[PDB]
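A.B. asks: The structure's right below; bear with me while I get my questions together.
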Amino acid sequence: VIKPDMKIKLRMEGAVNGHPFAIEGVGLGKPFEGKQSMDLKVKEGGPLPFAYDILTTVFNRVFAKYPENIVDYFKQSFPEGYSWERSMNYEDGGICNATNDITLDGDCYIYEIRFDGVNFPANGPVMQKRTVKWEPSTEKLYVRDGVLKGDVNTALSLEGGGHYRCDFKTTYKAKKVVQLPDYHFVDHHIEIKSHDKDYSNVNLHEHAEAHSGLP
Amino acid sequence: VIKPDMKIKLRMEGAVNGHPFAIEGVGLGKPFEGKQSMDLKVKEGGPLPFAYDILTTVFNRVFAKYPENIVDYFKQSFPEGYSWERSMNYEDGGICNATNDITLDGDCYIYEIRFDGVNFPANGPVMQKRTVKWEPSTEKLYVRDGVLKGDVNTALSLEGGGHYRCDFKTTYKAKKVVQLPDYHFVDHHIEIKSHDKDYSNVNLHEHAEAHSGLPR
Amino acid sequence: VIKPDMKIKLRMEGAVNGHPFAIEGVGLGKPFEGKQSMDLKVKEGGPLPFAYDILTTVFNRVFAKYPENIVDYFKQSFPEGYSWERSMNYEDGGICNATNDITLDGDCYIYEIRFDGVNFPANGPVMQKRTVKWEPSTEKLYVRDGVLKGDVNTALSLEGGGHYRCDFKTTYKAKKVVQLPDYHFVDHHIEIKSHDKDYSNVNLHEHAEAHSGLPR
Amino acid sequence: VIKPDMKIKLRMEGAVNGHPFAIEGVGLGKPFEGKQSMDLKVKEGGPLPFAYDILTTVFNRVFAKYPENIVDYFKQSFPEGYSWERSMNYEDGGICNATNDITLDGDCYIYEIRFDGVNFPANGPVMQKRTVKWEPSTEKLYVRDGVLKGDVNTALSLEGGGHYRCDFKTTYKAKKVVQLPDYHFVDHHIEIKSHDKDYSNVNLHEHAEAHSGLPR
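Chains as they are written, first to last, in the working numbering: chain A, 769 to 983; chain B, 13 to 228; chain C, 13 to 228; chain D, 13 to 228.
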């Protein structure tokens, strides 16, 4: 059911500071190597007046290399799939809520994504597009109330140097009951490899691997 | 432009824990008395699987009695109108983002509302519908970056007694430049006066008054 | 047990960003009128390198005017007294934890106070002494697990204009069993009425009154 | 200045929910291997009425294995030493502020530690001593305003299963000017290896290693 090489299909509908937009994407990846890439196209609301970086971690933990000694919640959840919900709380009060309902059709994951950001100040690095990239990160995953939670405090590096912090709170929900993992981590590194001037086209990559921390 | 008796017409589109819904409303109010009421009807996604109370403060600070000695940001903002953005962060990690774009057509305010809540635990008072009402509240308003901010830490009373807290952070953006007020407060009291069994129909009231705190 | 005119004696021991200090105070107040004042003297760690204002709300809800229909948790607690704990979470990450153990000797309240703030940025308004005063506030009080909680989102006005926001979280613990009140509010207004240049001497006032929100 | 085998001596003075206590410790470690251990003995305020685990991460990032390609803020700071401040914000509102002033005497680091926790609910896992251990963690470290910051969201495992979250926010301050590192991480694993019944004696270990994230 999960192949060494899978495809990605997605559409995001959303708004930032009340201004709506829509983006579609097509991609591919290797679930067992924890690598994926995709091409994203702004379909409505362009040119986006906010930093594209706030969207990229919304554009699937099945693309993560899990060692055998860590129960894999995400690969278990297919073919039925899973959904996830997330709050991304930035240190200047800007907050983005996002959801992704992930289904599987043949060799293609299909994402239905909603994205809603509020309270980004006009002079902040998001509305002024002063972000460079997400730093690499280490997400902490743990079970609560029969579902899987993922917490990570990460940051975006800024143009003049320095960092703009964001607290992630994700809830992962398999559509069918699967074996629940113990406390573990997922190392991430997400990168915009290329983009045109107004980010109408974005080539996005992510590399992720699970581990259990220092012994 | 601001008349003693005004109407309200609205539509909210949104989702809670990824499940979409839509609600429409009609109402009326007296902006100079700070009172309003409305009838709300679920149009899509019913019956709502979550506590209706999380929606009610999203269903307009123009309906607030402002004394003469306190600058009224909201009544100034019309006829053009204003918009607002808000995050409502509950103490168990449930978080709701909402926007309202408010325009004026004759004597009727028109609301275009988006509402998105996530991370409400299945065990929680929201998803299990254990909330009774919002307590009265006192919102704090202050200027930042040429717009008006509103912060308030309030709570919902629960079925078994006790309270479930929520931190509101609102940003108010007048569509054209208006005079900015000093630090002040707005007392709120919102109540569902009636509803049918699954809250497909809700009659909602709010009373709000601005003041400058002690003294008096 | 609580006479119309009472006295205040206190000692605060504490630290800010690892720098220790100590302050003593003597004062007086009217519990039923909700008013108090005191003179405070820095004994150790002077001259204080941080904004004095972060200390002032730590320098007793017995000094709050309670209406007859709102149960008074604090006046009930004496002669035995009560204690409280508080986190004050400022918007730039500076955090002050404080405790006050309040006893009664004759007509004098005695406070034993601890205060510890960390992570105040060197360039912030606290370490650069850019605060003007606390705005008036409205605290929300409610019962949790048999004790009394107090939440308030308030702010300090800044020298260059604007406000520096702070979230208060207080737990009030009566030393004896008392009647618990319903959800209610206390309006505050604390003011430094006078001070010398480096705040070695400070005359501090507070006015507070409880209420149940709208209406009136 | 930093030798492969060094000693540790510390004293912590502090309070939890307003109840004061004191602990002293002697230990040893290998700064270049990122490993340390110590024996801690409660001197005042025993038996401790709260979960000992909230103290353990307060009981020195010089004990972290830094690869050659990541600037070592902490080893640079000696012989003068450094200080740090930290807030530990637990998900149920319990908050601990802590400071450590670290000096060097010969081959022995000397810690002067203050620790203050407030608002831990009586029925929570801390006051009820339901914590088992800290999970391993990954701290993230970054420069701000010329000093070093460390944020990590980690958790304690609980006796009945499940986890108890805590947000760490640390500021590290070298007493002298050192070279500042880029954004990086430190993996931690702290463990109580042994303790007596009321935790009057505790044997504590920590293993820590710096890295720059994926890959490797």
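Every residue, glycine too, gets a C-beta built ideally from N, C-alpha and C.
1) Do you know offhand how far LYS961/A's Cα is from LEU816/A's?
2) Looking only at its chain, what residues have a beta carbon closer than 7 Å to the beta carbon of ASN921/A, apart from the 5 residues adjacent to it on each side?
3) Do you know how far the Cα of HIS219/B is from the Cα of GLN48/B?
4) Report the neighbours of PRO835/A on chain D: residues whose CB is nearer than 8 Å to its CB, in chain order.
5) Which class does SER89/C belong to by DSSP, given the choice of helix, strand or coil?
6) How many angstroms separate the CA atom of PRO43/C from the CA atom of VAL74/C?
7) Using C-beta distances below 6 Å, list every residue in its chain close to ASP128/D, excluding the 5 sequence neighbours before and after it, in chain order.
8) Residues of chain C with CB closer than 9 Å to the CB of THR111/D, please, in chain order.
9) Alpha carbon to alpha carbon, what distance is there between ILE66/D and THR115/C?
10) Can you give the Cα-Cα distance for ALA63/D and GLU45/C, rounded to whole angstroms?
11) Taking Cβ positions only, does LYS181/C come closer than 7 Å to chain D?
12) Who are the Cβ neighbours of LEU192/B in its own chain at under 8 Å, not counting the five residues just before and after it?
13) Look at the alpha carbon of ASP919/A and the alpha carbon of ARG854/A, and state the distance between them as a whole number of angstroms.
14) With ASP65/D as the anchor, note down where its alpha helix (DSSP H) starts and where it stops.
15) Can you round the beta-carbon distance between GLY57/C and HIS31/C to whole angstroms, since I take them to be within the 8 Å contact cut?
16) Using a Cβ-Cβ cut-off of less than 8 Å, list which residues of the stretch 142–156 of chain D approach chain A; keep chain order.
17) Let me make sure I understand the geometry here. Which of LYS53/D, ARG23/D, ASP194/D, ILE202/D has the alpha-carbon closest to that of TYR78/D?
18) Please compile the residues from chain A whose C-beta is within a distance smaller than 9 Å of the C-beta of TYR85/D.
19) Between the beta-carbon of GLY172/D and the beta-carbon of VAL138/D, is there less than 7 Å?
20) Whole angstroms is fine: what's the gap from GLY41/D's alpha carbon to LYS15/D's?
21) So the beta strand (DSSP E) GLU151/B belongs to, where does it begin and stop?
22) Can you give me the start and stop residues for the beta strand (DSSP E) that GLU959/A sits inside?
23) Going along chain C in order, which residues have a C-beta closer than 8 Å to the C-beta of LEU226/B?
24) Per DSSP, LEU40/D is paired with what?
25) Of all the options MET18/D, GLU221/D, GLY37/D, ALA167/D, which has the alpha carbon lying nearest to the alpha carbon of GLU124/D?
26) Exposed or buried, what is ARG126/B when buried is set at 16 or more other beta-carbons lying within 10 Å of its beta-carbon?
27) Take the Cβ of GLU151/C as the centre, count every other Cβ of all protein chains shown within 10 Å, and call the residue buried at 16 or more, exposed below.
28) Pick out the complete beta strand (DSSP E) segments inside the stretch 105–145 of chain C, 3 residues or longer, and give them in chain order.
29) Taking 7 Å as the CB-CB cut-off, is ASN101/C touching chain B?
30) Using a threshold of 7 Å, state whether the C-beta atoms of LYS21/C and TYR94/C are closer than that.
31) Going by DSSP, which residues form a beta bridge with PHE33/B?
32) Could you tell me the boundaries of the beta strand (DSSP E) in which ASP179/B lies?
33) At least one CB of chain A closer than 7 Å to the CB of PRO133/B: is that the case?
34) Applying the criterion that 16 or more other CB atoms from any shown protein chain within 10 Å of the CB defines a buried residue, is residue 231/D buried or exposed?
35) Apply the 10 Å Cβ neighbour rule to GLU903/A and answer buried if 16 or more other Cβ atoms are within range, or exposed otherwise.
36) Run through chain E and tell me which residues come within less than 9 Å of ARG854/A, C-beta to C-beta.
C.D. replies: By the coordinates alone:
1) The sequence position of residue 961/A within the first sequence is 193, counting from 1. The sequence position of residue 816/A within the first sequence is 48, counting from 1. C-alpha separation (whole angstroms): 18 Å.
2) In the first sequence, the residue the question calls residue 921/A occupies position 153. The residues are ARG933, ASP935.
3) Taking the first residue of the second sequence as position 1, residue 48/B is located at position 36. Taking the first residue of the second sequence as position 1, residue 219/B is located at position 207. Computed Cα separation, rounded: 7 Å.
4) Residue mapping note: residue 835/A aligns to position 67 of the first sequence, counting from 1. The contacting residues do not exist; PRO835/A stays about 14 Å from chain D at best.
5) Translated into the one-based positions of the third sequence, residue 89/C becomes position 77. The answer is helix: DSSP assigns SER89/C an H, G or I state.
6) Numbered from its first residue, the third sequence carries residue 43/C at position 31. Numbered from its first residue, the third sequence carries residue 74/C at position 62. About 6 Å.
7) Reading the fourth sequence from its first residue, position 116 is the one you call residue 128/D. So the list reads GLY26, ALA27, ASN109, once near-sequence residues are dropped.
8) Taking the first residue of the fourth sequence as position 1, residue 111/D is located at position 99. The contacting residues are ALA27, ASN29, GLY30, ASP128, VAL130.
9) Start at 1 with the first residue of the third sequence, and residue 115/C comes out as number 103. Start at 1 with the first residue of the fourth sequence, and residue 66/D comes out as number 54. Distance between the alpha carbons of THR115/C and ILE66/D: 29 Å.
10) The count along the fourth sequence starts at 1 and reaches residue 63/D at position 51. The count along the third sequence starts at 1 and reaches residue 45/C at position 33. Cα-Cα distance, rounded: 42 Å.
11) If you number the third sequence from 1, residue 181/C lands on position 169. Interface residue, yes.
12) Along the second sequence, one-based indexing puts residue 192/B at 180. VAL83, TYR85, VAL155, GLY158, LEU160.
13) Numbered from 1 along the first sequence, position 151 holds the residue referred to as residue 919/A. Numbered from 1 along the first sequence, position 86 holds the residue referred to as residue 854/A. Roughly 10 Å separates the two Cα atoms.
14) Position 53 of the fourth sequence holds residue 65/D. Its alpha helix (DSSP H) spans residues 65–68.
15) By one-based count along the third sequence, residue 57/C stands at place 45. By one-based count along the third sequence, residue 31/C stands at place 19. Going by Cβ atoms, the distance from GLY57/C to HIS31/C rounds to 6 Å, so yes, they are a contact pair.
16) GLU147, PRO148, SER149, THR150, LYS152, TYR154, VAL155, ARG156
17) Locating residue 78/D in the fourth sequence gives position 66, where the first residue counts as 1. Among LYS53/D, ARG23/D, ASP194/D, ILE202/D, the Cα nearest to that of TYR78/D belongs to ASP194/D.
18) Along the fourth sequence, one-based indexing puts residue 85/D at 73. By Cβ distance, chain A contributes nothing, its closest Cβ being about 16 Å from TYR85/D, past 9 Å.
19) For the purposes of this step, residue 172/D is taken as residue 160 along the fourth sequence, with counting starting at 1. For the purposes of this step, residue 138/D is taken as residue 126 along the fourth sequence, with counting starting at 1. No. Outside cutoff.
20) Looking up residue 41/D in the fourth sequence gives position 29. Looking up residue 15/D in the fourth sequence gives position 3. Straight-line Cα distance between these residues: approximately 10 Å.
21) Your numbering for residue 151/B matches position 139 in the second sequence. Run containing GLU151/B: 149–156, per the beta strand (DSSP E) assignment.
22) As a working note, residue 959/A is residue 191 in the first sequence. Run containing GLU959/A: 952–963, per the beta strand (DSSP E) assignment.
23) As a first step, residue 226/B must be located in the second sequence, where it is residue number 214. Neighbours of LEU226/B on chain C, chain order: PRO148, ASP199, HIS200, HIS201, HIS219, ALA220, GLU221.
24) Locating residue 40/D in the fourth sequence gives position 28, counting from the first residue. In DSSP, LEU40/D forms a bridge with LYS19/D, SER49/D.
25) Walking along the fourth sequence from the start, residue 124/D turns up at place 112. Ranking the options by Cα distance to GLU124/D, first place goes to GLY37/D.
26) Counting from 1 along the second sequence, the entry for residue 126/B is found at position 114. Buried, since its Cβ has 16 or more Cβ neighbours within 10 Å.
27) In the third sequence, the residue the question calls residue 151/C occupies position 139. Answer is buried; the Cβ neighbour count reaches 16.
28) 107–117, 120–130
29) Working through the third sequence from its first residue, we reach residue 101/C at position 89. Closer than 7 Å: no.
30) The count along the third sequence starts at 1 and reaches residue 21/C at position 9. The count along the third sequence starts at 1 and reaches residue 94/C at position 82. Result no, Cβ atoms of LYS21/C and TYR94/C do not sit closer than 7 Å.
31) Indexing the second sequence from 1 puts residue 33/B at position 21. Answer is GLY26/B, bridged to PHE33/B.
32) The residue labelled residue 179/B in the question sits at position 167 within the second sequence. Note, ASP179/B: beta strand (DSSP E), 175–186.
33) As a working note, residue 133/B is residue 121 in the second sequence. Chain A contact via Cβ: present.
34) Limits of chain D in this structure are 13 at one end and 228 at the other, which puts residue 231/D out of reach.
35) Counted from its first residue, the first sequence places residue 903/A at position 135. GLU903/A should be labelled buried.
36) No chain E is present in this structure, whose protein chains are A, B, C and D.
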